[PDB]
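The structure appears right after this line, and notes come after that.
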Amino acid sequence: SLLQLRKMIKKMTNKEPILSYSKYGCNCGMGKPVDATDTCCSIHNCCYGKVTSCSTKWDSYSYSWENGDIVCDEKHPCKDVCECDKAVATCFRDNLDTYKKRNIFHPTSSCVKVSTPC
Ligand code: NA
Ligand code: NA
């Protein structure tokens, strides 16, 4: 669920997830990604687009932490959603080096909207 994703983002990045990532660039919370962090969201949106069995927003899944990584429970019916969320939270962590707070106020008109992002 979205509530779990937020927890994953908070632990992966140490940032408050709503302020920091719910509205970032052109893809987070929604065009061509403006940077690496925005690309994480682009990939995440596409990942969610392949989910058929569960509600990406509403359904909860099962996971753990092992040695710095998120491990999705393979037995859970919504494990594909977990994998999407694991990947975006990890991707955010891996791109904090170029994260820019100015991208939270990114004007949608500046986004070059593409036809096939996935
Ligand atoms: Na923060
Ligand atoms: Na754990």
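Following the order of the structure tokens, chains are lettered A, B, ..., residues in each are numbered from 1, and ligands are numbered from 1.
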Would you tabulate, counting only C-alpha atoms and all ligand atoms, all residues of chain A that have an atom at most 9 Å from an atom of ligand 2, showing the closest pair of atoms and their distance in Å to one decimal, sorted by chain then ascending number, as CSV?
```
residue,atom,partner,partner_atom_place_in_ligand_line,distance
A:63,CA,ligand 2,1 (Na),7.2
A:64,CA,ligand 2,1 (Na),3.8
A:65,CA,ligand 2,1 (Na),4.1
A:66,CA,ligand 2,1 (Na),6.7
A:70,CA,ligand 2,1 (Na),8.2
A:71,CA,ligand 2,1 (Na),8.6
```
Report as CSV: every residue of chain A with an atom at most 7 Å from ligand 1, its closest pair of atoms, and their distance in Å to one decimal, counting only C-alpha atoms and all ligand atoms, with rows sorted by chain and ascending residue number.
```
residue,atom,partner,partner_atom_place_in_ligand_line,distance
A:14,CA,ligand 1,1 (Na),7.0
A:15,CA,ligand 1,1 (Na),3.8
A:16,CA,ligand 1,1 (Na),4.1
A:19,CA,ligand 1,1 (Na),6.7
A:20,CA,ligand 1,1 (Na),6.1
```
Skip residue 43 (chain A) itself and residues of its chain fewer than 3 positions away, then list as a list in words all residues within 12 Å of it, counting only C-alpha atoms.
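Close residues of residue 43 (chain A): residues 27, 28, 32, 33, 36, 37, 38, 39, 40, 46, 47, 48, 49, 50, 83, 84, 85, 86, 87, 88, 89, 91, 92, 117 and 118 of chain A.
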Residues of region 4-112 of chain A classed as strand (DSSP E or B) by DSSP on the backbone are to be reported as a count of residues only.
10
Go through A:29, A:78, A:106, A:57 one by one, measure the shortest atom-to-atom distance of each to residue 42 (chain A) using only C-alpha atoms, and give the residue with the smallest value.
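Nearest to residue 42 (chain A): A:29.
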